[PDB]
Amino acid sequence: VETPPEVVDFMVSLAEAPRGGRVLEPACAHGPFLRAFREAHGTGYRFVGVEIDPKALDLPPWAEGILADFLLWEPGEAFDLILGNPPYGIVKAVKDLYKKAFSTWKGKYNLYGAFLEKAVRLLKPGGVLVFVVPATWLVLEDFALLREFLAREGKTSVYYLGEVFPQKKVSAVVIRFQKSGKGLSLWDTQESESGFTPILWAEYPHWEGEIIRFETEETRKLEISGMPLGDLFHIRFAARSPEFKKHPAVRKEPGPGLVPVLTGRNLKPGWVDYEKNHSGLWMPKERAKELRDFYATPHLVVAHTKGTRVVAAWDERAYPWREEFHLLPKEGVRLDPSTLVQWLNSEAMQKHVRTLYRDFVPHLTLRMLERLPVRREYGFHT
């Protein structure tokens, strides 16, 4: 993803460093941030750039260039200011090595997470870092260890930019971090002719690494006046195609006594389309429970393939599914399906989920789902 000029401008104005202080740009190429900073803040600093590809390293005379893998680079020096746009993405052994090297590494992780941990470690006390990175780390669990690390190493400011790169499936966020432990500040941002204008949204001085959300008075009212979905239901996952394909009784052409294996396109807001087959697999309904027992019990289905919105339906016939979230009520819990469903698909529920998580991620996640508030008269534990 390329960095627009106005975004670079925005980051440079959040950047500060003492005269004579060292300024570094990891994964520099021709050094776009080194250049912009010098023009806006002056020449009285030491400029360094670290690039792994010698063909890409193209820095002006006043800057010092280092050919190396930033992630494995040990300068023996600490910096005052670190800024840049780290590569986004996942990558064995160079990886494995990394895993050993980085404590916040969890799951598949992402290179931008490693660059973050690395950058924070090369910072002098009180030093600052300004990076443009994806917004996924705010809600995903692979980044739970990263959030804690940041939470305890200094104060964090998160500025929401959104989908600002010409490539539209990535929502961006600018993080300004100073190595002087002191909570979290969430900022919104206004886009105009001049560039970006920040707007303080909320402050969390006691932040310990919890999920970051855009909360409002109304979202709070809604969450305290109900029970979270995750208290009333067990959230199960469906079996995948391989599991189905390895199952005798599973066919590939229709036939008598065979029902289609339902997918997300069969799920509509408020109802299920049992007609269309979108998987190309069929099997006798009664043998479904052999793959997952809950397949034999009529239950609630919420989608994860339809974006950041709540689409729910009650599977009254109990058919086999290849995806989506499957909710089975906990013991003692008695609910009214019809109204629970109406509630979940409501225009109130969509605005709630939209306000809090915006477009951080491309689809509803387990953590977002389990906190959805079930208004008292739809379901309760007896």
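The numbering used is simple: start at 1 and walk along the sequence shown.
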- Query: Just how many deposited residues go unmodelled from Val91 to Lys92: none, 1 to 3, 4 to 9, or 10 or more?
  - Reply: 10 or more
- Query: Comparing 109-117 with 242-250, which stretch shows the greater average C-alpha B-factor in the deposited entry?
  - Reply: 242-250
- Comparing mean C-alpha B factor in the record for 359-367 and 17-25, the higher one is 17-25
- Task: Check the PDB entry and point out which of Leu146, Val302, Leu97, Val133 has the largest C-alpha temperature factor.
- Result: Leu97
- Query: Based on what the PDB entry reports, which of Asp231, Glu153, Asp273, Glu217 has the top C-alpha B-factor?
  - Reply: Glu217
- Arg265 - Cα temperature factor, lowest/middle/highest third of chain: middle
- Among modelled residues of the same chain, the CA temperature factor third for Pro87: lowest
- CA B-factor placement of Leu328, once the chain's modelled residues are sorted into thirds: middle
- Item | Modelled-residue ranking by C-alpha temperature factor, third containing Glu193 | highest
- Note on the structure: Among the modelled residues of its chain, the C-alpha B-factor of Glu203 falls in the third labelled lowest
